[PDB]
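Engineer: Provide a 3D model corresponding to the input given below.
(one chain, ligands or ions: 1)
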Amino acid sequence: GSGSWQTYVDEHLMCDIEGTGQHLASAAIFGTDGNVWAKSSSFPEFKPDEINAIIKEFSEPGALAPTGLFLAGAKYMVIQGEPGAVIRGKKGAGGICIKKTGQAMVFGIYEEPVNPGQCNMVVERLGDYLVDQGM
Ligand SMILES: [Cl-]
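Structural biologist: Residues are numbered from 1 along each chain as shown. Next comes the structure:
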């Protein structure tokens, strides 16, 4: 395996999904402390409050409920995740999905015709590999 976090963006997250010709709109990987470790070229203009609120939601599922999930000022409605493990959100023509690993958080952002399950499969396959590697 590779020695750069950026490889997981370029060579997994952003790759065409199951031969559909479609791909995530953007993807990124953040450390637990909230700095960006890897990103795709159209990952949006995130701010620190937003990343912190997501770190909080991994610790305390349900904490985003009154507000929604913001990323680069766009609001996503929270949809069922996996407590402590996966956060998901929906907007009108797309959505977001975020998988926690030991060291990091893997973000995928999608637009139609990509669907919530496709996001989940791409991000969770990577996150499961990373955890197996101690990351
Ligand atoms: Cl960090």
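Engineer: can we go C-alpha only for contacts and neighbour counts from here?
Structural biologist: OK.
Engineer: quick check, residue 61 in a helix?
Structural biologist: No - assessed with DSSP: H, G, I helix; E, B strand; the rest coil, residue 61 is coil; it does not lie in a helix.
Engineer: For the most centrally placed residue in the chain, give the beta-bridge partners.
Structural biologist: In the chain, the residue lying closest to the centroid (Cα atoms, centre = their mean) is residue 107, at 1.6 Å. Going by DSSP bridges, residue 107 is paired in beta bridges with residue 28, residue 98.
Engineer: So it versus residue 76, what's the distance?
Structural biologist: 14 Å (Cα to Cα, to the nearest Å).
Engineer: Same question for residue 21.
Structural biologist: From residue 21 across to residue 76, the span is 25 Å (Cα to Cα).
Engineer: Those two: who's more crowded?
Structural biologist: In this view residue 21 and residue 76 are compared by other Cα atoms under 10 Å, and residue 76 has more residues nearby, 19 against 8.
Engineer: tell me which residues in the helix or strand hosting that one are buried?
Structural biologist: Assigning secondary structure by DSSP states H and E places residue 76 in strand 74-82. Neighbour-count burial for strand 74-82, counted by 16 or more other Cα atoms under 10 Å, picks out 75, 76, 77, 78, 81.
Engineer: Repeat that for stretch 42-50.
Structural biologist: Across stretch 42-50, burial judged by 16+ other Cα under 10 Å covers 43, 44, 50.
Engineer: ok so, going back, given the next helix or strand after the strand holding residue 76, what are its sheet partners and their directions?
Structural biologist: With elements assigned by DSSP H and E, the helix or strand that comes after strand 74-82 is strand 86-91. Applying DSSP bridges, strand 86-91 is found paired with strand 74-82 (antiparallel), strand 94-100 (antiparallel).
Engineer: okay, the longest one in CSV with CA atoms only?
Structural biologist: Just to be clear, that refers to strand 74-82. Below are the C-alpha coordinates for strand 74-82, written out as CSV (Å, rounded to 0.1, in the frame of the first residue of the first chain):
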residue,chain,number,x,y,z
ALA,A,74,-25.0,24.2,2.8
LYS,A,75,-27.5,22.4,5.0
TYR,A,76,-28.0,18.7,4.9
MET,A,77,-30.8,16.9,6.8
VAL,A,78,-29.5,14.1,8.9
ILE,A,79,-30.6,10.6,7.8
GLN,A,80,-30.0,7.5,9.7
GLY,A,81,-26.3,6.8,10.3
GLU,A,82,-24.5,4.3,12.5
